[PDB]
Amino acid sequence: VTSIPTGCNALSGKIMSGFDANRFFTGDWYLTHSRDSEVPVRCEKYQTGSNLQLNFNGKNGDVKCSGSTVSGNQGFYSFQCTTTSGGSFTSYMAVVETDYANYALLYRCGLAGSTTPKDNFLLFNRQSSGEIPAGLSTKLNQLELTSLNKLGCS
């Protein structure tokens, strides 16, 4: 697969310059806010390892993913994921803006039950108590993300 699924936003001109994968894909990231959310809200901790591997506590069971760059879409990654209930899926993401040490705003998109992909904007924080950073104010305005939903971390 050489480009993100049709229907997913490639965010051309909207992704940060100079993304440093080595500084992003290290340590833990808590998913604290998102544009769209479900109930009940939860606190997903994304654990990263070498070679774009990650683990997180998903809605029904732990999830393990293996990432790779998407050849045709700068900044995008494809993650092949499996869940402890026996599920498997492919999810795409790009880091829109991050300071690596505190926050990261991501775009995520993938097929999840239909030909029409579902997408979202996600705010990750290094601390479970993290909220909306001042540094993202202008970017959130530009993307019309002025009321992110708080999830289940504190």
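The numbering used is simple: start at 1 and walk along the sequence shown.
- According to the PDB record, 80 to 88 carries the higher mean C-alpha B-factor of the two stretches 80 to 88 and 67 to 75.
- Once the C-alpha B-factors are averaged per stretch, 102 to 110 and 54 to 62 rank with 54 to 62 first.
- Taking only the listed residues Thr48, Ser37, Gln127, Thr115, the entry reports the highest CA temperature factor at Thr115.
- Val1 sits in the highest third of its chain by CA B factor, as recorded in the PDB entry.
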